[PDB]
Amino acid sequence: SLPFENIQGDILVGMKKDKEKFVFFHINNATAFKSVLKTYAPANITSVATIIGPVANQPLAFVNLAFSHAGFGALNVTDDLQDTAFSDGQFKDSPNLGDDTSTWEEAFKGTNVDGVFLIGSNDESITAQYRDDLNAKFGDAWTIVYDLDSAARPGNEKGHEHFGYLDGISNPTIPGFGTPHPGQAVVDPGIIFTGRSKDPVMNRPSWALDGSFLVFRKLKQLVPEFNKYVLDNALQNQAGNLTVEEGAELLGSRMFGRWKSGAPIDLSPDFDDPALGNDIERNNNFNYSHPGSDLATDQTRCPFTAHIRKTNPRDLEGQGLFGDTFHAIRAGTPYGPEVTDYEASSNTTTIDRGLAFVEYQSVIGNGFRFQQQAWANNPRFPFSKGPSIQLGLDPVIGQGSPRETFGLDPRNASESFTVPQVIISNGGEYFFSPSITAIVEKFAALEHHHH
């Protein structure tokens, strides 16, 4: 069993707070920075145990902390983690993601970002308080280079991302941690936590035990553009009696793999079933297999290129073509206000909004990076399908090539959809979230005891 009082809570369970502030910073004075850390971190870095334990022992805001490769250097900590993406930094790595850095937030366009504080609470007043407190204690020892507020959407769209789809449904868990939901992935702890069982870096340093790599991406979303696209390309059933609005929601469900309620189209392909989508016990219990259906050719229930089927090809893994290597935990939060009447009427975005995307994994190259580059951006993934069956890009997040996706029309797998870019990367950075002791014992090391 893992020491959940030593593991940063946002990795495994998520902060699950309505408001999440991301404080990206540069380190100006390592000695003064470590000094603050020595007392701040044991008092404020929120553990898994605190998040899942009694509400009585929870602070007003949860706080997590992660460092970039550049931050390691600024703290005189050797990067011996053996993660090539992490060491490169996301800006250098960005061509491999299909990013055009002309759309990046300026603060990310380099290696100036040394780390990030995650602050989760129920009111932006409290996250601002915790930020102000950090500013007061660090003083001139740091500079906040980017300060991003994210918030869960309001009302019955709480838990949904800005396109309207229920999010945070499918994430892996580990053996012995609570009860897995039907269809939920149960992966070896070393796929999420560095140094734990079946960590693919068998060489992993001891101090890194129970850390994880935090990938951050600011992903801007063009919601009216997306809505106008699916309306303009609305699908039809064989009966031919779908309205344009009904065919548009069908097409959206085919792009994602789920209806907006969360109902997986593999279980409910013809119409939304909001009771299914909302039910934790039903909404993830699928693997794309069906009696009488050829996994190699049948896209009538879910296109091979649907977002969730690109990023978690359950059928390929379930056939044993590979293992649980490529699962990772998402813990991001939507950012920006709701779509305004003007934006909707004009089919045009005027306000920045999107997803403050966070994904945790023991190997960046096996989680986020593989899901993006090897799968979403790969026009010949998934492999093992019929040799003439055209595939193309993930129609939600796929980039790097012409955004052509096949198989979205259930009546004609051959029909191509050229989907406008509705998600624009504003960049981010790769970080490492150490264990809580590692924060104090390594990153805040004030003396020079030899080892």
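Start at 1 with the first residue shown and count on from there.
Mean temperature factor over C-alpha atoms, higher-scoring stretch between 234-242 and 206-214: Per the PDB entry, the higher value belongs to 234-242.
72-80 or 358-366, whichever carries the higher mean Cα B-factor: Between 358-366 and 72-80, it is 72-80.
From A56, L393, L408, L65, residue of greatest CA B-factor: By C-alpha B-factor in the record, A56 ranks first.
Of the residues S170, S125, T348, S253, the one carrying the largest Cα B-factor as recorded: Max CA B-factor in the entry, restricted to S170, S125, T348, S253: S125.
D18 - Cα temperature factor, lowest/middle/highest third of chain: According to the entry, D18 has a C-alpha B-factor in the chain's middle third.
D100 CA temperature factor, ranked by third within the chain: For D100, the deposited C-alpha B-factor lands in the middle third.
Ranked C-alpha temperature factor of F286 among modelled chain residues, by third: Tercile = middle for this residue's CA B-factor.
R153 - Cα temperature factor, lowest/middle/highest third of chain: Middle third, going by the recorded CA B-factors of the chain.
Where the record places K385 (Cα B-factor, split into thirds across the chain): Middle third - that is where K385 ends up once the chain's C-alpha B-factors are sorted.
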